[PDB]
Structures are given as C-alpha cells and as structure tokens.
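This text opens with one protein chain seen in two forms, each one given by itself as structure tokens under the names structure 1 and structure 2.
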Structure 1
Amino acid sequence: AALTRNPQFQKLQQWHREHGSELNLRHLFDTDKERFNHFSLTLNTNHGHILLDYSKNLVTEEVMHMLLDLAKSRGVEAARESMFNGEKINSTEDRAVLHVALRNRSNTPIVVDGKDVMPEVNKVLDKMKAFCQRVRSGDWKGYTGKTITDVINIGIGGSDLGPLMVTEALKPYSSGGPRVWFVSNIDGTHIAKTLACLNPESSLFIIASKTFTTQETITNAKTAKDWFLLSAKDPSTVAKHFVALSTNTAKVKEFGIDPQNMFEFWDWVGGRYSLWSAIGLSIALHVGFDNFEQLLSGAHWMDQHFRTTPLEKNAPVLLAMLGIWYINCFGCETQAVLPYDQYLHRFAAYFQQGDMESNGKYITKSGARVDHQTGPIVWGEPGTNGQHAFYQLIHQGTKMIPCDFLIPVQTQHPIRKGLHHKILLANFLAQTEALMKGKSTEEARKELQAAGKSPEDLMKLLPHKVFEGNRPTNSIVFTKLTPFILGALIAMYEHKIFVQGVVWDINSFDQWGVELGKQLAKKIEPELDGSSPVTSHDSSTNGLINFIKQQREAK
C-alpha cells in the first residue's frame, strides 16, 4: 500500500503519536488571536461568498504543512489534471471520469478517445432544455390532450438521490414547474402510494438508469407502464408519457421507449456524480433550465477553484486532508454533515453514497490490500433538530466525531422579520463554540452555585454537567443557498472525496462491492416461490426463508 510507505505520512504519524494527544482547541484559541485568520478561507464567487472556517480543528500550522506535504507527495495535483484531461483514471473499469465535463460551461475541449466530449454534452443539454420548455409551457400534452401536471422520476442509485436532494434543496426556485415525485425502492409501497395520487393522462414518467438493467428501476418502470396502459389502452400512447435517461440505447428501446425520448449520458459519468447530466432532467423540470444552468455554473466555479488554487488555499484539498488527519491518525470512523437548513434535509444522505460508495474500498490501484483506514461513515440530520436527538452523544459521548456545520446567512423565508433565522444562526454558532470550549468542573460548579443549587443537588449533578469539549468542527457559511451556491457546495465535496481517494491510492470511481449481493439475490428469488422448505444455503438463510414461507400464510 502506497500511503503507509510514504515518508510524509509516516512523519505525520509519529508527530501525532508524540503530540496530537495534547492538542486542545480552547487552549489553541486562547493563545493565538490570529487562529481564525490563519485557519479559514473566504471564497468570492461573484454570486455569493462561502466561508470555510476550519479553525476549530485539532491542528496547527505545522500539522497543516505536513498534511499538505502528504497531499503533494501522493500526487494529488497530477491526479487532478488526469481527471480533467479525460484520462481513464477509473483503472478497474478503464474509464475516464468526467463529471466536470458535464458542467464545463467554458466549453474548453476535453478529448477522451481522440474526440472532444463537449459537443455531445451540450447537445443533450439542449435536448433537455427544449423538452423542459415544452412540458412546462403545456405544449407537450398527454394522450388525452391535457398538459403535464406531475413528473415522476423512477431510479435508485445516483439515479435518485441527487435529483431528489437538489429539488428539495431548491424548492423556492420551482415556481412554474409541475410536481415532481421520486420513486426508487423496489418495495411496492413506494410506487403504489405515488400512482395513487396520479392521473395517467397528466403524468410523465422519467426512467432514470445509467445501465437501464437495474432490477428495482426496471420493475418499477414496468409497473408504472402497466398501470398507465390500463387506462391509455394503446401502446403507442407511451411515447407521450415515458422518457429515459441512460447510456444504454438497446435496453431503452427494448423497454419500449422512443429513442427521441432518450436523454443519454456517458460511461465516464458515475451514477453518484450524475445529477449534472441527463439524470438532472427532473431538476431542470422543477426549477427551470436557467436555474439548472446556475447549478452547473456553481459546480464549474468550484471545479476551477480546485484546479487553479495552490493546495494551501484549496478548499476541497483542505477538507480532504482534515479528514485524512481524523481518519488515519485519530482513527475516527465517522463524518457528520449537519446543515442548518431544512431544505437540505437530504444533503447528508446524498453524500452517504457520494462519499461511502466512492471511498468504501480496501484495494489500491496497484492491487494491494490497504493496511490503513479508508472512507468514513457519513451521517447527519438538519440543525437544530439533531440538537434534540443525538448531539448529546456528540457533546458527552465516548466517540470523537468530526462535524461539518453548514448554513446560509440569508434565509429563503425571513418570516417574523428574521426572528427564526436569527435563532437558527445563534444555535449554529453556539454549537461549534460549545463543542470547542466545553465546560470545566469549576465552571460548572460556579454555575450550579449561582443558580442557587443546594449543596446536595450541586454535588450530585456536578460531574454530569462537565463538558470536556475539544470536539473539532468545520463551519461552512455561505451568503445564500442558491442553485449556484448549492452547485458549488456539492462539487466542493465531490472534490474532497476525490482527493482522499488519491491519498489512499484507491479507485474512488468503481463499485464492485455491490455485485455479490445482487447475484445471491438472483439465486434466492425463484426459491421463494412455493411452500417447499429450502436447504441450499447456510442454516440462517434457509431458516429465514422457511420462516417467510410459513408466515406468508398466517392471518
């Protein structure tokens, strides 16, 4: 494994074993009035500012310099160029990795197999916009002449999470668009509950699937089509209510979808990096194409920042190395994402796939098994709610949990003259402050006494009211959560994930870890039919199956 052999990494490791343990945030802040200044970065996008404050982290100039040396010696910069230049860095699949090309507004050429990719990219974007305009304008009618009122996206992986998260995040910008629904789970209640609120005459289904062979999506699509034709009665009417987003023309046609109703993307577009491609059709339909182009632009802006900025002032690089520090030196298993924005309620879930499916690996690009930790477990819920659910464990638990706090300065809903947002911001600020500062035995004791506690209560409560603090957090504050800023925020993390993948020398763009489950599932499906017990598996799988056959009857 490259990482553990790297001299910059080893130097980092020994420093941690002989210093890291004594690092204390409160102390660091008390002895360096320039800490915020030295450990924060402000980005002016001309469309809002983004403040990345990483000063509340367990680091020093020395640690940062070492972390940055490591990034450099692991070839982060060269790796980045190869990605942008269209090289097939996805080594196990021999594929290019060009999600940056999907939002390359500069249209600077990017050649893969001797051919520039942009023309195809823009071609689909035009197709998307033209189609979106017709549906939005009402020009596009159903099989009964009615205009489309509901758009239903049926997809699962990177074919669901992104479009769902962004549409939720940008609701304030969906003024003139139809209602968008998202169906993904094979679980029947999902599609059933949806179709129950729809009129086939005014419903448009979007079959989103890179491969167009995923069982859940195809089954859901077929179910939606059956339900539809039950009323439309003429297979020819399908061309007015079903479109597909995929890279597989054959499967699409085989499904029965008109080829002009196919918005394609490419193999170098990873599912978990696809919302920027045709997969984002439901977004464009929801917020309009202008807002969608803003989304792409924001990501493009971030891509430029990542590409042209020296490492020491490079946002995604800084976040990545801060993560490496906690994962590989402090051994923290998780990474919490806590946005203080109800609209971003699906932000954390999106990066569970983005981050975990990318770096949840254990084999390097050379074929060697890692002998160090890789991708963390990403989780989180919107602020303040989380404060009333799990922060208890973050503040007084036994796990070190790196936290990323995000919040827009300006709210999309300044009700009560900004009272609500003022309180939201106060909590956002106070939480990272509290995690950092903590509360000593003495401070607690004085509070208890001042509060008028009796010698008994105080003595009883004292130890329980002590906060050891020293809990690291990142504070990412942006002027406003607009399509452009959101676009830049997502791209920022996409690049953080990329950097970490390079440091660990793993392929952040394949996902072989999903094959085993799929194949075993294919084996079990036919065995479930009938009441005959099964015994071709281990005793657990057999036992579970037999219980299912038995209880299938129970009334």
Structure 2
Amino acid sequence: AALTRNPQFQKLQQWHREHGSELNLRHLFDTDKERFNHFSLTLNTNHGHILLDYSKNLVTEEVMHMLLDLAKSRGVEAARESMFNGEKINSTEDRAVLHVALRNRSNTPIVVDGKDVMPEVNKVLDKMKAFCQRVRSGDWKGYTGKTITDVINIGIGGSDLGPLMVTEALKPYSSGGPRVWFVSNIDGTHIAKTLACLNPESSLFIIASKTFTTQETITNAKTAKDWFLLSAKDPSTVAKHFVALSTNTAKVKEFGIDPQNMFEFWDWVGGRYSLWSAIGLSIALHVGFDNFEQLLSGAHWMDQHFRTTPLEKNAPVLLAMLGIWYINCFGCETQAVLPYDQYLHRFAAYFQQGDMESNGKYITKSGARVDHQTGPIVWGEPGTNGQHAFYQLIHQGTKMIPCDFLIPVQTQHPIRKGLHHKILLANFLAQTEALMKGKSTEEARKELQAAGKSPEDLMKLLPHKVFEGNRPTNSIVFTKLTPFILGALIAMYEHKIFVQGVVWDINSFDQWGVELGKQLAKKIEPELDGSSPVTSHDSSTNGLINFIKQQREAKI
C-alpha cells in the first residue's frame, strides 16, 4: 500500500513521533499573536462570506507544510482534474464521478465516452423546473381536481438523506411550496405514520430509485399505491399522483407511472452525491427552482475554489489534511460535526453517509490491503443541544475528538431583538475557547479557595474541576445559511472526503460493503415463514430466528 511507503508520510510520522505530544494550543496562541491570521481563511463568494478558522488545531507552520507536501506527493491535484474531466476514477465499477457536472453552471463541456454530459444534465433540470412549475402553481391536478398540498419522497440512503437534510435546512425558503415528507425505512411504521396524515386527493409521491427495483423503496412505493387506490379506486389515476426519479422506463411504466414523468440521472452520479440531480426534485418543489439553482451555484462556486486555489489556501484540502493528521498520526477514530443551527439538525447524519460510505474502505485502488487507518466515524448533534448532552466526554473524557463547529452570523429568526442568537453565538465561541484553554489545577484551586472550601473538601473536588484542554477544533462561520451558502458547505465537505480518499489511495465512490448483508437477508426472508425451527445457519442466527418464530404469536 502506497501511503505507508510515501516519503512525505514517513517524514510526517517521524516528526509526530518526536514532537506530536508536545504540541499545546494554549502555548501556541500565547507565543504567536498572528496565529489566527496565519491559520485561517476568509472566502467571499459574493453571496456571503465563509470564515474557516483552523487555528485551534494542533499544528505549526512546519506541520502544515509537511501535510501539504504529502497532499502533493499523493497526486491530489492530478486526481482532482481527472474527476472534473470525466475520467473513470471510480476504478472498481469503471465509471466517471461527476456530481460536479450536475451543478456545472458554467456549462463548460465535460466529455464522457466521447460525449458532453452537460446537455443531458440541463435537459433534466429544465424538465424538473417545468414540472415543479405545474405542481407549485396548481396547474397540476389530483385525480379529483385539487392542487397538490403534500409531496412525499420515497427512497433510501442517498435517495433520502440529502433531500431531507436540505429541505430541513432551507425551510424558511419554502414559502409557497407544498409540504414535504420523507419515507425511507422499510419498517412499516414509517410509511404508515406518514400516510395517516395525508389526503390522497392532494398528495404527490416521488419514488426515488435508479433501477426502480430497490427492495425497500419499491415495497414502500407499492404500499403507498395501495393506500392511494383504496380511495382513488382507479389504477389509471396513479399517473397523476406518482412520479419517478429513475431510468428504468419499463419498471416505472409497469408501476403505473407515466414515462413522461420519469426524471433521470446517470451512473456517474453516486447516491450519496445525488441531491444535486433529479434526486433533488423534492428540494426544488419545496423551495422553488430559483433557490434550487442557488443551491447548485453555491456548490459550483466551491468546486471552482477547490479546482483553482493553491493547496496552501484550499479549504477542502486543508480540512482533509488536518483530518489525516488526526486520523493517521494521532489515531483518532472519530470526527464530530456540531452545527449551532437547529435547521441543520440532520447535517451531521448526512455526512455520516457521505463520509463513511465513501471512505470506510480497506482495499486500495491497486487491490492491496491498507496497513493504516482510513475513514473516521462521523457523528454529532446541532448545538447547543448536543452541548448539553455529550460535551462532558469531549471536555473531560479519555478520547481526542476533532470537532467542526459551524454557525451562521445572521439567524433566520432574529426574535427577542436577537437575544437568542446572541446567546447561541456566545456558546459557539466559548466552547471552542474552553476546549482549547482548559482550566489548570492552580486555576481551579484558587476558585475553590475563594469558594470557602475546607482543605479536605477542596482536595476531594479539585482534580474533578480541572480541564486539561488542548482539544482541537475548526470553527466555520458564514454570513447566513442561505441555499447558496448551504450548497457551498456541502460541496466543501464532499471535496474534503475526495482528498482524503486520494491520500489513502482508496476508491471513495464505490460501496461493495453492501452486498453481503443483502444476500444473507434474501436467504433468511423465506425461512421466517412458518413455525418450523431453522437450523441452516450458525447457532446464533438460528437461535434468533427461532426466538422470533416462538414470540411472533405471543399474546402479551
């Protein structure tokens, strides 16, 4: 495996082995008045500013230089061009990786198999807008003649999380749009509780599935059709309440949907990178096409930043290499994402898929097994919520946890003359300051002394009140969370993920880890039927199945 044999990597490791544990944030800031200026970057997108302050990280100019050298020697730049140029970098599936084409507002030609993909991309987009216009304006009618009031997206994984996270994040921009719902779990509870709140006469379903044969998605789609038909009765009315995001014309038409209402995307569009394509139809329907195009433009802006900016000042590259530093040198298993924004409550979950499904790999592009760590476990909750739940462990646990704190300067709801947002901002700032600064034993002793504690009571509590600090964080502040800014932020992390994948020499765009569980599930399905004991598996699987057969009848 390449990384471990790379000269720059070894130099980095050697340096960390010798000076790594010596790095101390408090000391670094105390001896360098220019630290913030030297370890941060402000980006003016013309539609708001984004400040990436990575100064509270365990790095020095020397460390950053070494990290940038590694990025260069790993061919991050050549790899980037290959992606943007339509080359088939998805080596195991022999496919191009072009979510950047989906939002290529510049319409600069991107050729794949001797053909520019932009024309087809724009064809679908125009098709999406036209349809969106009919639904939003009321022109489109239910089988009863009523306008659509609710839109239900049915899909799993990448066909669900992106649309859900974005519509949740851009709720303030949904004025005039129908309400949107998202069904994803095969668990019957999901579709059942969702359908109970809807009127079939004014409900529009969006079945999101490339092949249109995805078990969970199609099962849910069929259940929704039965629910609908229970009221509508006529199978021909389905074409008025169901549309598809797919390419399988036959299966779509067989379902009862009109091929005219099938919005397609391509194989170079990964599920976890597809909200920018037809998959984003529910987004466009909710916030309008102008806002949707703003979302795409934001991503496009960041794509250009990534492609034209020197590595030293390249946002995604910097985030990626800082992550490599903590993952491969410090050995940190996780990456926390803490947005101080309730609208971004599903932002961390979105990147759990985007990051983990992309880089949770162990085989390199050459077929060799890695002998080093790859993708981290991404997790988190919007602040200050999460702040009152698990920060205890971040501040005083036994784990080093890189944290990305994000927040918009301007709130969408400046209630109480901005009092709420002021407090939110203060906590956003105070937490990273606290994680960095900590509170020494002497500092805590003085507080306890001043609190009239007896020598005995003081000694008993003292160590518990000490904060060792030196806990690194990135602070990402943006003017306002608009469709454009959100687009830029999502694209920024998409590229961070891309860069790390290159450094580790893995394929960030396939997902073979899915078939094993899938094949074993299909084998078990028919065995669940009936009350006869199963003995064809390992004793555990056998035991579980038999307990299930025994208890499915139990009358509590």
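Counting starts at 1 and follows the sequence of structure 1. Superpose the two forms; the largest set of C-alphas matching within 1.5 Å is the rigid core.
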Quiz prompt | From 219, 249, 440, 396, residue displaced between the two structures - CA threshold 2 Å or more, rigid core | solution = 249
Quiz prompt | Threshold 2 Å Cα movement between the two structures at residue 457, rigid core reference | solution = yes
Quiz prompt | Core-aligned Cα shift of residue 385 between the two structures, given in Å | solution = 1.1
Quiz item: Taking the rigid core as the frame, how far in Å does the Cα of residue 210 move between the two structures?
Solution: 2.3
Practice problem: Would you mind giving the Cα movement of residue 240 between the two structures in Å, after fitting on the rigid core? | Solution: 0.5
